[PDB]
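**Student:**
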Amino acid sequence: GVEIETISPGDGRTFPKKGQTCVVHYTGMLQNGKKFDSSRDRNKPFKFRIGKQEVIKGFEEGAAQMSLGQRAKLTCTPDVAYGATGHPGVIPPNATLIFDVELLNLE
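See below:
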């Protein structure tokens, strides 16, 4: 369950398609916990394409429901990212994921 909470401004018409590489200033956040990831610190804003299962499934479907300039707020259920496995040392199992995501794409 991907539940978008959008900070408004953008265009609402430039939508990502298959095989299009998009650039995201994402920000990881744990519910009732601290940060666990940030693309703003490295200043390397994570060039990735659409449709190759590189990212987790909760992060993947949230980007297709956005547009250029927009600023959503992901809330990932544990079943789509790590809730059975748990990323060892960084993401414990049965974890609810929060992401501040800005979509500033190209292509």
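Its first residue numbered 2, the sequence shown is counted upward by one per residue in the UniProt record's numbering. No residue lacks a Cβ here, since even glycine has one placed at the ideal position from N, Cα and C.
(1) In angstroms with no decimal places, state the Cα-to-Cα distance between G70 and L104.
(2) In this structure, what does DSSP give as the bridge partners for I92?
(3) Given a threshold of 16 other Cβ atoms within 10 Å of its Cβ, counted over all protein chains shown, does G59 qualify as buried or as exposed?
(4) Going by Cα to Cα distance, which pick from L107, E62, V102 is closest to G29?
(5) Under DSSP, the beta strand (DSSP E) around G2 begins and ends at which residues?
(6) So, are the CB atoms of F100 and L75 less than 8 Å apart?
(7) Going by CA-CA distance only, name the one from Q66, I57, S39 that's closest to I5.
(8) Helix, strand or coil: which one does DSSP assign to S40?
**Tutor:** Judging by the given coordinates:
(1) Start at 1 with the first residue of the sequence shown, and residue 70 comes out as number 69. Start at 1 with the first residue of the sequence shown, and residue 104 comes out as number 103. Taking the straight line from one Cα to the other gives about 6 Å.
(2) As a position in the sequence shown, residue 92 is number 91, starting the count at 1. Note: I92 sits in a beta bridge opposite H88.
(3) Numbered from 1 along the sequence shown, position 58 holds the residue referred to as residue 59. Buried.
(4) The residue labelled residue 29 in the question sits at position 28 within the sequence shown. It is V102.
(5) Within the sequence shown, the letter at position 1 stands for residue 2. First-last for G2: undefined, no H or E at that position.
(6) Locating residue 100 in the sequence shown gives position 99, where the first residue counts as 1. Locating residue 75 in the sequence shown gives position 74, where the first residue counts as 1. For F100 and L75, yes; Cβs fall inside 8 Å.
(7) As a first step, residue 5 is located in the sequence shown; it is residue number 4 there, counting from the start. Minimum Cα distance to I5 is reached at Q66.
(8) Counting from 1 along the sequence shown, the entry for residue 40 is found at position 39. Note: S40 maps to helix in three-state DSSP.
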